[PDB]
Structure formats: C-alpha cells, structure tokens
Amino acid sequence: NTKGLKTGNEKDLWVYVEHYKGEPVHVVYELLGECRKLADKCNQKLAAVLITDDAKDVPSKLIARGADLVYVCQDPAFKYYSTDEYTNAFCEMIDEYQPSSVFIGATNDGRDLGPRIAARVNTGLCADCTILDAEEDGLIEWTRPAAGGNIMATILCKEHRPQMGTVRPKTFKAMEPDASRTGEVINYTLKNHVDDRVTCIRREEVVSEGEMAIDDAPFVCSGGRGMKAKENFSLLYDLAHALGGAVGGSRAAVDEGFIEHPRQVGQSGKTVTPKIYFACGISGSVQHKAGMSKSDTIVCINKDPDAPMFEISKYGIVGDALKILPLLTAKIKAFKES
C-alpha cells in the first residue's frame, strides 16, 4: 500500500474555487483569507483552483483576495458542478503540479467533491473543519467538530499527500481585495476527457429575481410547527420585509407543507449566521440548532417557556406567535420609518 504517499516535494496550499453564475461563492474568499495565513506560516504559495466554462476576470479577483497562483482549467463541460467532471480535472492538476494541501469549502457540492478526490488520489480528508493551523514544514493541523458538535478533534495527515480538508463556511474572514497584489495564472489543459455518468434533468433556482435567500440574509425570520398553518407564514414575510431579511423554517415546517425545502434550517438543511434569528414556533431540537446556533442574536417566540430554544436565546417572548408577530413587525416598522 504506497499509493498517495508523500514524495517530499509537494508544495503549496490550494483552495477550490466553487462558483455560481461564473463568480466564486463567498466561502472561496473565506478560505483564501485563512489559507493566506497558513501559507505564510510555512513559506509556501497559496493557489486558487478554477475549473470552469469561462474564467471571465475571476483569476484577477482571486489574486486580489490572496492567491499567488491561479490554475485554470476551462471546458464547456464545467459550466455546472459535476462529480465526474470536476474530480477528473482536479485530480489531473494534483498529479501535474503536486500541492502539499487542498482546502475545499464544505458546501453541499464541496462535501461531494472532496471525498471523491481523496479516494481517487488515496489520501487523507478531514471534514467540515472549523480551526486550522500549520507547522513550518507545511503539515496542516485540522480541527473539527464531530458527534453533533459535542466533540472536537484535531487530526493530522502525516504521510499522504495532498493533505485535504473540507472547511465550514462562514467560519473564517475573507481579506479585503487588494489591487496591488500580483500573481500568476496557469492554464491547464485536460489530458483526458470524460463522459459524465450523471445527467441533470432538472435544475431550478431556489430564489427568484432580486429576492433574498436565507443563505446570506442578515435577518432570518423562521417558523416551525407552532406557526400552525402555511398562511401564517405571511407574518414572517412581513417581519422579514420590515428588517430586510428572509424567511426560513424548520424541518417540521417543511413536513407540514408550510415551506419548501430550500428554506429549511438545520443539519439537513442550511446553516445560517444572521445578525438576528427569530425562532417562532420552533422548539429547538438539536438538529435545528445545528443550523442556527451561531447567529449573533437569537430571539425566541414560543408558547412553551421550557422550549429548548430559550436556552440559547438572548431575548424572547413566551406567548402566541400569531398574536406577537404582527405587533412586533408594526413596532419595528414604526421605529425604522421613523
């Protein structure tokens, strides 16, 4: 068993450029920010890895945000993420250029891509990591939550390369863009084309023209089973409009037909870190909390004073959301204007 073993000549830290509408998603910039620090600790370069149908002016944006190097592999087949296409491209580049470590944002698609690459190369992969450090020789120290957030683990990949990890979004800070940075773009030509075995028969945007998704909203107005009916979600849309936020819900709300799956918050849904999370008729199961417990402020509106959500809420009302919501929205609207 010698496959993936270190040569000793690996070098540089690579960040996967996940993109949407051609543009990097924000966790790419978060990783460039943190990995800049790690690269400096070990005197290696920071590279961004761009697998795309059209590089546009993305490479210069990546360099302004920290990248020394941008590897670009461009083909029409890369328009949308696919396991088969993207694993092949990335693994061809790892083989050609021999990085020391690779960092992938632990998005839905990053959690798909990372283990495929790791198994193909035969190397180590640490999941959804929240703390990172590096020795002077480039050995990365991967620190992650496990057991539903109840255990932290620190993990090494000592002898196989590249050292890989997926990294939790919304953990690390991006650098401000710096137009004085310079770097080098490397165009990489695919050796082997593949046929994607997986066909997309439906691809629909979950949020409409110029509307707010929960993923990046500064306020999330969320409902659960205690919202009682789909029509009562209008109350949360009103609140969200007053604040300039978005509407989410629990998995129970999805199951009762109150909201669609793309608005689900929790371990099986989205993880959000808004300035304010309003939890309305949501008990606070651990599976829901997993998606919102790092919100800056949680406001709980629940009829049950013993609801577990109150345990983590800085503010709250014990009462009937259906009575409370309209009064709260109106009071906030009045404070705002004017």
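So that there is no doubt, residue numbering starts at 1 and follows the sequence shown.
304-312 and 280-288 differ in mean CA B-factor, and the higher of the two is recorded for 304-312.
Higher mean CA temperature factor between 191-199 and 142-150: 191-199, per the PDB entry. Comparing the C-alpha B-factors of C157, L236, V167, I259 in the entry, the top value falls on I259. Between the residues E92, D112, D128, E205, it is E205 that shows the highest Cα B-factor in the PDB record.
Sorting the modelled residues of the chain by their CA temperature factor places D296 in the middle third.
Annotation for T171: CA B-factor lies in the middle third of the chain's modelled residues. In the PDB entry, a CA B factor belonging to the highest third of its chain's modelled residues is recorded for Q74. The deposited CA B-factor of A67 belongs to the middle third of values across its chain.
The deposited CA B-factor of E30 belongs to the lowest third of values across its chain.
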